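**Q**
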Amino acid sequence: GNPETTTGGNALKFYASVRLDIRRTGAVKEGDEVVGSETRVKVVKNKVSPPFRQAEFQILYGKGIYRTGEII
DNA sequence: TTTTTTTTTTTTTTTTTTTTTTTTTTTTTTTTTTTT
Numbered sequence: 037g038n039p040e041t042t043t044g045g046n047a048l049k050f051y052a053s054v055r056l057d058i059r060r061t062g063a064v065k066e067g068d069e070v071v072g073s074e075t076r077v078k079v080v081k082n083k084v085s086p087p088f089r090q091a092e093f094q095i096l097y098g099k100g101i102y103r104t105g106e107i108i
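In structure tokens, the structure reads:
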């Protein structure tokens, strides 16, 4: 299976109406220096719509999440 | 024959019903082969 396991007991995954799984895949670079990181959010549970609808996006330091980058 | 008159005091306990929680990695090992 998957060795990784969250902390804080397992009384929270029953009540949690929706659980995300955020991971950092790559880093965005302006030539040589890094400005942001490539995040990959995966919905591992959901009580309001089908689960496992993993969605990827890029977040820039200071400027926040890159809404425009993913809209295009 | 007539002719009623006045209450007094507490004694005793009886029985338990129910579980609720995980949490943490740890470690490298060993070369092979001259070619003209």
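According to the working numbering, the residues represented by the first sequence are 37 to 108, in order.
Quick reminder that beta carbons are idealized off the backbone N, C-alpha and C, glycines included.
Please go through the segment 58-85 and give each complete beta strand (DSSP E) segment of 3 or more residues, from N-terminal end onward.
**A** 69-82
**Q** Would you check if there are 3 or more beta carbon pairs closer than 8 Å linking the segment 83-90 to the segment 60-69?
**A** no
**Q** Please say whether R59 and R76 have beta carbons closer to each other than 9 Å?
**A** Position 40 of the first sequence, counted from the start, is the residue given in the question as residue 76. Position 23 of the first sequence, counted from the start, is the residue given in the question as residue 59. The answer is yes: Cβ separation under 9 Å.
**Q** Based on the DSSP secondary-structure assignment, which residues constitute the bridge partners of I101?
**A** In the first sequence, counting from the first residue as 1, residue 101 sits at position 65. Note: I101 is bridge-paired with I95 in the DSSP secondary-structure output.
**Q** Classify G37: buried if its beta carbon has 16 or more other beta carbons within 10 angstroms, exposed otherwise.
**A** Locating residue 37 in the first sequence gives position 1, where the first residue counts as 1. With fewer than 16 other Cβ atoms within 10 Å, it is exposed.
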